[PDB]
């Protein structure tokens, strides 16, 4: 079910498609490895671009349907597929020990949740020759404040009266869950703050154990603000002769990632030119490591510190 959503993600798939096939001279005779190949669509892109040898890794049984897809499209001699977790691979096949390029569809929701980032960097440190390329290599995260009163009454305030009963005991866990959904451009009531940047060319895995950063944006209206919305941008920076990018924000057409919406326990009554400045800290949950802890502490006009904690479960 995943790969239909992936392949129907036009904005996503076309970005990878353009960055690969629009630099055929770059790819020709290179050895390419594709972390999480799935149906093999990107392996097919690299092979079509001219790669001499392509390796796909994938842990599910989708590896089987991919072999057939690749055999059907006449690249079985070029594209070699391995079933398994990257972390279980003794050696790449055929005694290959270095690769020229690493391809991965690794970005999760909120970029980092259930992402393969920690896997890509492991394949990068094990196999990527000095100066190799990563498609993609650079991500920046943004955030801003929105007016979203209709949805906050519906997903948050709803538990105060459920068929006449008082279900407020759930209200806390509703606020703790960030919402993955689409936000309309009209709802934004502030400027946008860039609060994180990952460069897979240089970022070291240790620098991900706990991420500490901050954000700043200014309100433009006298308005109550009920949530913050984050999203990430992607660049195939190094490799193409002109850069390729796609966004997951609300100013362009949607991707399957949507946006991430973070509900404020108390609405901030903002006035124009109010300065919202704050700290975000992001780390893997202590108990279930596939969960994402995200803590926020912020102020409005250097005022008292509002703090909220979120778990992406």
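Residue numbers count along the first chain shown, from 1.
As the entry records it, the average C-alpha temperature factor is higher for 233 to 241, out of 233 to 241 and 208 to 216. For the pair 257 to 265 and 59 to 67, the mean Cα B-factor is higher in 59 to 67. Of the candidates 94, 165, 158, 228, the PDB record gives 94 the highest C-alpha temperature factor. Reading the B-factor column for the CA atoms of 195, 110, 135, 221 in the entry, the top value corresponds to 221.
Ranked by C-alpha B-factor against the other modelled residues of its chain, residue 84 falls in the highest third.
In this PDB entry, residue 126 carries a Cα temperature factor that places it within the highest third of its chain's modelled residues. Sorting the modelled residues of the chain by their CA temperature factor places residue 2 in the highest third. In the deposited entry, the Cα temperature factor of residue 301 places it in the highest third of its chain's modelled residues. Per-chain ranking of the deposited C-alpha B factor places residue 281 in the lowest third.
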